[PDB]
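Structure data (mmCIF, C-alpha atoms) from upload_6.cif:
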```
data_work
loop_
_atom_site.group_PDB
_atom_site.id
_atom_site.type_symbol
_atom_site.label_atom_id
_atom_site.label_comp_id
_atom_site.auth_asym_id
_atom_site.auth_seq_id
_atom_site.Cartn_x
_atom_site.Cartn_y
_atom_site.Cartn_z
ATOM 1 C CA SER Y 1 0.000 0.000 0.000
ATOM 2 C CA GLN Y 2 1.148 3.617 -0.484
ATOM 3 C CA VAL Y 3 4.039 4.515 -2.814
ATOM 4 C CA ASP Y 4 6.840 7.077 -2.889
ATOM 5 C CA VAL Y 5 5.566 10.298 -4.066
ATOM 6 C CA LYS Y 6 6.307 13.356 -1.822
ATOM 7 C CA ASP Y 7 4.234 16.204 -0.566
ATOM 8 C CA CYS Y 8 4.619 19.779 -1.844
ATOM 9 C CA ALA Y 9 2.161 21.704 0.326
ATOM 10 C CA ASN Y 10 2.134 21.240 4.056
ATOM 11 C CA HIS Y 11 2.060 17.624 5.258
ATOM 12 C CA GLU Y 12 -1.694 18.110 5.157
ATOM 13 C CA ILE Y 13 -2.226 14.800 3.351
ATOM 14 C CA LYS Y 14 -2.280 11.100 4.194
ATOM 15 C CA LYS Y 15 -2.606 8.854 1.087
ATOM 16 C CA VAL Y 16 -1.979 9.273 -2.619
ATOM 17 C CA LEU Y 17 -2.635 6.332 -4.899
ATOM 18 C CA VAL Y 18 -1.403 6.672 -8.473
ATOM 19 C CA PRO Y 19 -0.664 4.181 -11.280
ATOM 20 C CA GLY Y 20 3.157 3.770 -11.380
ATOM 21 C CA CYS Y 21 5.297 3.095 -8.269
ATOM 22 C CA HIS Y 22 4.256 1.473 -4.961
ATOM 23 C CA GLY Y 23 7.086 2.298 -2.604
ATOM 24 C CA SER Y 24 10.775 3.325 -2.578
ATOM 25 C CA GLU Y 25 10.981 1.263 -5.743
ATOM 26 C CA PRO Y 26 11.448 2.069 -9.278
ATOM 27 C CA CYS Y 27 8.609 1.916 -11.774
ATOM 28 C CA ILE Y 28 8.789 2.674 -15.446
ATOM 29 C CA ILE Y 29 5.711 3.391 -17.552
ATOM 30 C CA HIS Y 30 3.724 0.544 -19.033
ATOM 31 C CA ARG Y 31 2.972 2.612 -22.209
ATOM 32 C CA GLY Y 32 -0.564 3.887 -22.790
ATOM 33 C CA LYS Y 33 -0.921 7.178 -20.940
ATOM 34 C CA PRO Y 34 -3.805 7.661 -18.561
ATOM 35 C CA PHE Y 35 -3.464 9.950 -15.563
ATOM 36 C CA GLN Y 36 -5.501 8.667 -12.599
ATOM 37 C CA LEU Y 37 -4.416 10.157 -9.182
ATOM 38 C CA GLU Y 38 -6.505 9.662 -5.984
ATOM 39 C CA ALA Y 39 -5.679 11.064 -2.613
ATOM 40 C CA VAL Y 40 -7.095 11.542 0.870
ATOM 41 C CA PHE Y 41 -6.193 14.561 3.041
ATOM 42 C CA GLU Y 42 -8.010 16.152 6.007
ATOM 43 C CA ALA Y 43 -9.070 19.762 5.754
ATOM 44 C CA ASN Y 44 -7.390 22.156 8.106
ATOM 45 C CA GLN Y 45 -9.881 24.821 8.096
ATOM 46 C CA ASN Y 46 -13.190 25.751 6.591
ATOM 47 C CA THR Y 47 -13.954 26.117 2.971
ATOM 48 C CA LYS Y 48 -16.825 26.000 0.435
ATOM 49 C CA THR Y 49 -14.812 24.771 -2.611
ATOM 50 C CA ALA Y 50 -11.625 22.973 -3.546
ATOM 51 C CA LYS Y 51 -10.351 22.836 -7.109
ATOM 52 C CA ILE Y 52 -7.683 20.456 -8.461
ATOM 53 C CA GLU Y 53 -4.567 21.286 -10.506
ATOM 54 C CA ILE Y 54 -2.189 18.847 -12.096
ATOM 55 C CA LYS Y 55 1.162 20.295 -13.085
ATOM 56 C CA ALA Y 56 2.953 17.646 -15.135
ATOM 57 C CA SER Y 57 6.363 18.064 -16.758
ATOM 58 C CA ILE Y 58 6.615 15.145 -19.253
ATOM 59 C CA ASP Y 59 9.883 15.018 -21.283
ATOM 60 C CA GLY Y 60 9.835 18.703 -22.288
ATOM 61 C CA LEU Y 61 6.119 18.408 -22.940
ATOM 62 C CA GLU Y 62 4.791 19.694 -19.654
ATOM 63 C CA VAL Y 63 1.014 19.577 -19.840
ATOM 64 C CA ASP Y 64 -0.805 22.565 -18.551
ATOM 65 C CA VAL Y 65 -4.496 21.799 -18.603
ATOM 66 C CA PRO Y 66 -7.051 20.088 -16.370
ATOM 67 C CA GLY Y 67 -8.165 16.630 -17.284
ATOM 68 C CA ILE Y 68 -11.154 16.113 -14.891
ATOM 69 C CA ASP Y 69 -13.325 17.991 -12.374
ATOM 70 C CA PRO Y 70 -11.499 19.685 -9.611
ATOM 71 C CA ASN Y 71 -14.325 20.921 -7.403
ATOM 72 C CA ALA Y 72 -15.794 17.995 -5.464
ATOM 73 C CA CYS Y 73 -17.945 20.546 -3.626
ATOM 74 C CA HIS Y 74 -20.581 19.932 -6.215
ATOM 75 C CA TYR Y 75 -20.005 16.304 -5.236
ATOM 76 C CA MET Y 76 -19.996 16.384 -1.418
ATOM 77 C CA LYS Y 77 -21.480 18.307 1.444
ATOM 78 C CA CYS Y 78 -20.179 21.741 0.950
ATOM 79 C CA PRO Y 79 -18.815 23.675 2.485
ATOM 80 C CA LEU Y 80 -16.105 21.481 3.998
ATOM 81 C CA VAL Y 81 -15.261 22.066 7.664
ATOM 82 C CA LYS Y 82 -11.886 21.643 9.270
ATOM 83 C CA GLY Y 83 -10.935 18.162 10.271
ATOM 84 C CA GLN Y 84 -13.112 16.636 7.677
ATOM 85 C CA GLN Y 85 -11.331 14.170 5.536
ATOM 86 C CA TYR Y 86 -11.431 15.095 1.908
ATOM 87 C CA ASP Y 87 -10.414 12.903 -0.955
ATOM 88 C CA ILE Y 88 -9.809 14.281 -4.399
ATOM 89 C CA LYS Y 89 -9.361 12.335 -7.593
ATOM 90 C CA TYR Y 90 -8.432 12.764 -11.254
ATOM 91 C CA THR Y 91 -8.494 10.301 -14.183
ATOM 92 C CA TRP Y 92 -7.999 11.192 -17.830
ATOM 93 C CA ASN Y 93 -6.789 8.768 -20.561
ATOM 94 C CA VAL Y 94 -4.284 10.038 -23.200
ATOM 95 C CA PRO Y 95 -2.347 8.774 -26.219
ATOM 96 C CA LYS Y 96 -0.648 5.576 -25.453
ATOM 97 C CA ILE Y 97 2.871 6.619 -26.406
ATOM 98 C CA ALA Y 98 2.929 10.450 -26.564
ATOM 99 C CA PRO Y 99 5.441 11.299 -23.827
ATOM 100 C CA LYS Y 100 8.725 9.775 -23.947
ATOM 101 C CA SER Y 101 9.584 7.496 -20.990
ATOM 102 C CA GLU Y 102 12.521 9.581 -19.923
ATOM 103 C CA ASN Y 103 11.717 12.485 -18.044
ATOM 104 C CA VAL Y 104 8.352 13.335 -16.563
ATOM 105 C CA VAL Y 105 7.336 14.405 -13.011
ATOM 106 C CA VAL Y 106 3.778 15.258 -11.975
ATOM 107 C CA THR Y 107 2.821 17.428 -9.044
ATOM 108 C CA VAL Y 108 -0.901 17.884 -8.472
ATOM 109 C CA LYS Y 109 -2.602 19.785 -5.676
ATOM 110 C CA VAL Y 110 -6.134 20.467 -4.564
ATOM 111 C CA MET Y 111 -6.699 24.201 -3.679
ATOM 112 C CA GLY Y 112 -9.536 24.766 -1.245
ATOM 113 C CA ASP Y 113 -11.442 28.012 -0.459
ATOM 114 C CA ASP Y 114 -8.328 29.933 0.263
ATOM 115 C CA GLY Y 115 -5.831 28.332 -2.080
ATOM 116 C CA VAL Y 116 -4.461 25.094 -0.976
ATOM 117 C CA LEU Y 117 -5.739 21.731 0.336
ATOM 118 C CA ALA Y 118 -3.439 18.748 -0.367
ATOM 119 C CA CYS Y 119 -0.647 18.355 -2.894
ATOM 120 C CA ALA Y 120 1.477 15.432 -3.963
ATOM 121 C CA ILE Y 121 4.032 14.859 -6.690
ATOM 122 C CA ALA Y 122 5.283 11.622 -8.300
ATOM 123 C CA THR Y 123 7.985 10.706 -10.907
ATOM 124 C CA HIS Y 124 9.748 7.279 -11.182
ATOM 125 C CA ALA Y 125 8.759 6.657 -14.814
ATOM 126 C CA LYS Y 126 11.507 6.725 -17.424
ATOM 127 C CA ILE Y 127 13.170 4.413 -19.916
ATOM 128 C CA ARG Y 128 16.552 2.693 -20.042
ATOM 129 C CA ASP Y 129 18.154 -0.671 -20.955
#
```

In structure tokens, how does this file's structure come out?
Amino acid sequence: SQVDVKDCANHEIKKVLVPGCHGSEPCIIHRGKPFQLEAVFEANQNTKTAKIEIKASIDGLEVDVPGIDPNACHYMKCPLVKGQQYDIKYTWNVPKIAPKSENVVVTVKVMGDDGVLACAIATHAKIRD
């Protein structure tokens, strides 16, 4: 369970499941490029909305667009009050061999009602031998 991934906001998370690695290990990319990230993180304040923003740098082709819905407030008892667990998710399929297993690192974060909520990055996905 859990994989290496790293936080980029403020240890305000708890679990981030993404297709690729599963721990300190090394995981390449099985071709076919879908981006499905799912994470749980408690809220540390009050808020009536929380968007989602994926920032992915894939072999010089850093994508800069949203591939899903980022406001689960139209999906769950809004507004969200502090201490309440909040899980965000994203899943968008894409060309099977567009990016070049070499050099891609994704960092996606959910921004609540004040700008921030839970953010986690991931990488381990290149090509060699």

With 3 Å of padding per side, what axis-aligned box (centre and edge lengths, Å, one decimal) covers all the listed atoms of range 14-17 of chain Y? Give it as JSON.
```
{"center_x": -2.3, "center_y": 8.7, "center_z": -0.4, "size_x": 6.7, "size_y": 10.8, "size_z": 15.1}
```

> What is the distance between CA of residue 92 in chain Y and CA of residue 1 in chain Y, in Å to one decimal?
Replying inline: 22.5 Å

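Closest approach to residue 19 in chain Y from the set Y:94, Y:72, Y:5, Y:37 is made by Y:37, with distances taken over all atoms listed in the file.
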
> So what do you get for CA of residue 45 in chain Y versus CA of residue 18 in chain Y, distance-wise?
Replying inline: 26.0 Å

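Computed from the coordinates, the CA of residue 11 in chain Y to CA of residue 103 in chain Y distance equals 25.7 Å.
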
> Could you write out as a PyMOL selection string the residues that the PyMOL selection byres ((chain Y and resi 24) around 7) matches in the shown file?
Replying inline: chain Y and resi 3-4+23+25-26

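Excluding residue 61 in chain Y itself and same-chain residues fewer than 6 positions from it, the residues having an atom within 12 Å of it are residues 55, 98, 99, 100, 101, 102, 103, 104, 105 and 106 of chain Y, counting all atoms listed in the file.
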
> For this file, the PyMOL selection byres ((chain Y and resi 16) around 10) selects which residues, as a PyMOL selection string?
Replying inline: chain Y and resi 1-7+13-15+17-18+37-41+87-89+118-122

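Nearest-residue note for residue 75 in chain Y: choosing from Y:10, Y:49, Y:93, Y:57, the minimum distance belongs to Y:49, counting only C-alpha atoms.
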
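Checking Y:58, Y:129, Y:42, Y:123 one by one against residue 20 in chain Y, counting only C-alpha atoms, you find the shortest gap at Y:123.
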
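In terms of minimum interatomic distance to residue 29 in chain Y, Y:97 ranks closest within Y:111, Y:63, Y:73, Y:97, counting all atoms listed in the file.
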
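For the residues Y:81, Y:125, Y:8, Y:28, ranking by smallest atom-to-atom distance to residue 112 in chain Y using all atoms listed in the file places Y:81 first.
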
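The nearest approach to residue 109 in chain Y among the residues Y:12, Y:69, Y:59, Y:53, with all atoms listed in the file taken into account, belongs to Y:53.
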